[PDB]
Amino acid sequence: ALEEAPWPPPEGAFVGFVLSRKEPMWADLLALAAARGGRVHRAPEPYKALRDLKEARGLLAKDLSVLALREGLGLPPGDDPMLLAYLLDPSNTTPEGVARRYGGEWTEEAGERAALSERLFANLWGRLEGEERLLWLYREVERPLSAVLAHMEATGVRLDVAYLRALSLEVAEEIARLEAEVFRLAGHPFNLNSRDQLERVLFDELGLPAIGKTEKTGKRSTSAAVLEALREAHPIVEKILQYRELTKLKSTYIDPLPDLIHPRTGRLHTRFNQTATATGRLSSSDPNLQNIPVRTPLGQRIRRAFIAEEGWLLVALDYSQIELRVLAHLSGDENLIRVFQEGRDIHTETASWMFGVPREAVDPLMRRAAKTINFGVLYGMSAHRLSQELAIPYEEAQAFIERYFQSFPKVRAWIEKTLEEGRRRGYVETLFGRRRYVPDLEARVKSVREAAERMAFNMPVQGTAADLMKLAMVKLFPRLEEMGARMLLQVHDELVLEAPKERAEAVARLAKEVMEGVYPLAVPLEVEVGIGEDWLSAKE
DNA sequence: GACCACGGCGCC
DNA sequence: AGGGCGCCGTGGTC
Ligand SMILES: Nc1ccn([C@H]2CC[C@@H](COP(=O)(O)OP(=O)(O)OP(=O)(O)O)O2)c(=O)n1
Ligand SMILES: [Mg+2]
Ligand SMILES: [Mg+2]
């Protein structure tokens with residue numbers, strides 16, 4: 001019922017747009033529109049009309065901003081109803097769901113999307129009236145962050161395409177040797193990529209013991225954890241596990257990545273989704289650059305393909321024991337706090353016990369393997385699983401889960417306190433007040449209930465760490481532009497920067513200080529920083 | 001060509 | 001039976 005008015009609209013209008021595809025760096029701006037003051041303005045030519053806007057206000061404001069930056073236009077994203085709804089409830093991840101829940105319908109017409117954005121913002125803003133903690137997260141964190149993420153996506157990252165092309169040819173030959181040996185041992189060829197066909201060969205034909213079942217379908221599992229106990233006694237299992245590793249890296253990273261280079265920027269562009277997680281974390285998609293291999297030596301080779309522009313250097317900064325430090329602040333445990341005040345390393349100490357090796361002989365590989373243990377046990381890891389991963393008896397596993405807790409009596413108390421709030425209020429909170437609704441805390445089925453519990457007390461820890469990182473990105477970004485530096489990637493507790501070689505050292509120091517003193521806790525926040533030509537070298 | 005579910009697995 | 005994600009190939013389908 002809005003009054004149709006000719007383009008352009010006045011400043012402050014809510015924008016509506018339609019893309020040919022979800023990726024703003026690859027999308028064709030099909031239509032553009034705006035709504036304000038009971039009026040709607042439809043653009044005759046979307047691309048030309050994009051120059052008329054001063055800022056992007058409305059649903060998916062960041063995506064339009066990325067496309068604008070792609071066209072060399074300085075169009076910063078502003079108010080976004082998606083961010084408002086996401087703070088009220090992280091379950092609000094899609095424009096279709098948000099519009100349905102908060103008044104309206106997500107259609108495929110720009111004018112209607114513009115009117116929807118204006119209408120959704122008014123209602124959602126009313127929902128936040130009174131929520132001062134959520135409003136603070138919106139004004140001081142989420143909204144300015146959308147501008148930062150827009151620049152990150154539009155900038156992209158340089159990739160050594162020729163290196164990955166040559167690597168693909170080499171790996172393919174290595175894969176052929178493994179699959180050929182598997183088929184020989186099986187006595188017949190089959191689809192090794194098919195876990196169903198593999199299940200028959202291993203358990204029915206070869207008569208191997210089945211120790212685990214799948215979650216949904218309840219089939220005999222062929223996962224790495226299951227095959228691990230079988231790998232040393234049987235050669236074929238060893239071959240499969242090696243086959244799994246090669247094909248995983250080749251089909252997910254080595255092959256698709258080089259084909260995603262933008263023809264105009266010459267770099268690889270990912271998407272940093274701001275409303276996709278239930279804890280407040282960001283996510284990376286199309287392609288996912290938050291899961292680039294780093295553990296295995298072969299996986300490290302892939303990470304070397306991520307390089308800096310000529311004359312530039314990569315700067316990688318990582319928070320040290322971030323969730324363990326957050327836990328000390330939230331729980332207020334005197335003992336755990338003093339641990340960080342003395343400058344101890346839990347990850348190193350745990351690895352010392354796992355491998356029976358002095359603290360001065362613990363390599364990075366050993367230390368990273370202890371992360372799964374420390375974080376695992378912390379968030380309710382069964383004593384059975386730990387004994388299976390460490391190749392140690394179940395009795396030694398029980399003692400470790402135990403010994404992990406008595407040192408800090410407050411941690412147990414914080415968990416139980418957190419769970420009660422979730423059962424009563426219906427949600428749990430981070431340090432800054434970010435919520436997550438966990439209804440299954442009172443489920444009558446124990447497996448479902450206990451699973452919901454583990455989701456419940458993990459959120460304040462993972463979420464707070466996410467809030468700290470987001471706030472750090474907001475403060476650091478303008479400091480990089482003034483130095484001619486770039487913010488490329490975010491990996492939960494890691495920031496990948498690109499700086500000129502004559503300013504790389506200065507950027508590294510500044511970014512480190514910003515991240516460490518973004519929001520002081522009861523324990524000091526430490527950050528490890530490295531500089532290199534590639535991502536792997538940038539992290540020592 | 002593409003949706004949906006699943007197992008599986010990469011990272012944090 | 002640690003938590004949080006996204007993408008792979010397969011299977012079944014449309
Ligand atoms: N297996 C893992 C690994 C990590 N995390 C969470 C905890 C911290 C956050 C970042 O991960 P890391 O940086 O790898 O762990 P860290 O404690 O920060 O160790 P480091 O000192 O090496 O950074 O992700 C987790 O839940 N489970
Ligand atoms: Mg870290
Ligand atoms: Mg990290």
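Heavy-atom basis, side chains included; hydrogens, waters and symmetry copies ignored. First the proteins, then the strands, lettered A, B, ... as listed; each starts at 1.
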Which side the sugar of B:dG10 sits on, once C1'-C2'-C3'-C4' is checked for sign
north
Measure the distance from CZ on A:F400 to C1' on C:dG2 and round it to the nearest whole Å.
13 Å
So what does A:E323 touch, heavy atoms closer than 4.0 Å: a base, only the sugar-phosphate, or nothing?
nothing
Length of the CG-P vector between A:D440 and C:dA1, whole Å:
18 Å
CG of A:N458 versus P of C:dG3: gap in Å, rounded?
8 Å
Read from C1'-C2'-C3'-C4', is the pucker at C:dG4 north or south?
north
Protein-nucleotide distance (A:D259, atom CG; C:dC8, atom P), rounded to Å
11 Å
Is the phosphate of C:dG6, meaning OP1 or OP2, less than 4.0 Å from a side-chain N or O of A:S283?
yes
Which is more 5' along DNA chain C, the nucleotide nearest A:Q197 or the one nearest A:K22? Just name the residue.
A:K22
Atom NE2 of residue position A:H262 - does it have more than 12 heavy atoms of other residues, nucleotides or ligands inside 6.0 Å?
yes
Expressed as a whole number of Å, how far does the P atom of C:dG2 sit from that of B:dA5?
25 Å
How many Å lie between CG on A:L327 and P on C:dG2, as a whole number?
18 Å
Check this one for me: any side-chain N or O of A:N193 less than 4.0 Å away from OP1 or OP2 of C:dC8?
no
What integer distance in Å separates A:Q290:CD from C:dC8:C1'?
18 Å
On the 0 to 90° scale, with breaks at 30° and 60°, tag the A:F408-A:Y404 ring pair as parallel, tilted or perpendicular.
perpendicular
Taking the six-membered ring for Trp, are A:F190 and A:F183 parallel (under 30°), tilted (30 to 60°) or perpendicular (over 60°)?
perpendicular
Within this structure, what is the NZ-to-P distance between A:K250 and C:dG9, rounded to whole angstrom?
10 Å
Taking OP1 and OP2 of C:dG11, is either one under 4.0 Å from a side-chain nitrogen or oxygen of A:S194?
yes
Please write out the pairs of protein N or O atoms and N or O atoms of nucleotides 7-10 of chain B separated by less than 3.5 Å, giving the distance to one decimal.
| from | atom 1 | to | atom 2 | distance (Å) |
| --- | --- | --- | --- | --- |
| B:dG7 | OP1 | A:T214 | OG1 | 2.9 |
| B:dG7 | OP1 | A:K216 | N | 3.0 |
| B:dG7 | OP1 | A:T217 | N | 2.6 |
| B:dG7 | OP1 | A:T217 | OG1 | 2.7 |
| B:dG7 | OP2 | A:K216 | N | 3.2 |
| B:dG7 | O3' | A:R195 | NE | 3.1 |
| B:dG8 | OP1 | A:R195 | NE | 3.4 |
| B:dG8 | OP1 | A:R195 | NH2 | 3.3 |
| B:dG8 | OP1 | A:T222 | N | 2.6 |
| B:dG8 | OP1 | A:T222 | OG1 | 2.7 |
| B:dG8 | OP2 | A:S221 | OG | 2.9 |
| B:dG8 | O3' | A:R244 | NH1 | 3.1 |
| B:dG8 | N2 | A:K248 | NZ | 3.2 |
| B:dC9 | OP1 | A:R244 | NH1 | 2.7 |
| B:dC9 | OP2 | A:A224 | N | 2.9 |
| B:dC9 | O2 | A:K248 | NZ | 3.1 |
| B:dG10 | OP2 | A:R295 | NH2 | 3.1 |
| B:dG10 | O5' | A:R295 | NH2 | 3.3 |

Answer with base, sugar-phosphate or nothing: what part of the nucleic acid does A:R449 contact at a heavy-atom distance below 4.0 Å?
nothing
Output, in order, the C-alpha distance, side-chain angles, deciding distance and verdict of side chain to side chain donor-acceptor pair (under 3.5 Å) for A:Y86 and A:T277.
CA-CA 9 Å; A:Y86 181 71; A:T277 66; 3.1 Å; yes
Which listed nucleotide (C:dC8, C:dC7, C:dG4) is nearest to the side chain of A:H492?
C:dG4
Between C:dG6, C:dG4, C:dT10, which one does the side chain of A:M455 approach most closely?
C:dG4
What do you reckon, is CZ of A:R412 surrounded by more than 12 foreign heavy atoms closer than 6.0 Å?
no
Compute both the distance and the angle, then confirm whether A:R435 meets the cation-pi test with A:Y427: under 6.0 Å from the six-membered ring centre, within 45 degrees of the axis.
yes
Of the listed nucleotides (C:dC7, C:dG6, C:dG4), which one gets closest to any side-chain atom of A:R281?
C:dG4
With a 3.5 Å cut-off and no angle check, do the side chains of A:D89 and A:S91 form a donor-acceptor pair?
yes
Is B:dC9 on the north side or the south side, where north means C1'-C2'-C3'-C4' is positive?
south
Count the heavy atoms of every other residue, nucleotide or ligand shown that sit under 6.0 Å from CD of A:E96, and state whether that count exceeds 12.
yes
Separation of C:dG6 atom P from A:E23 atom CD, nearest Å, is 14 Å
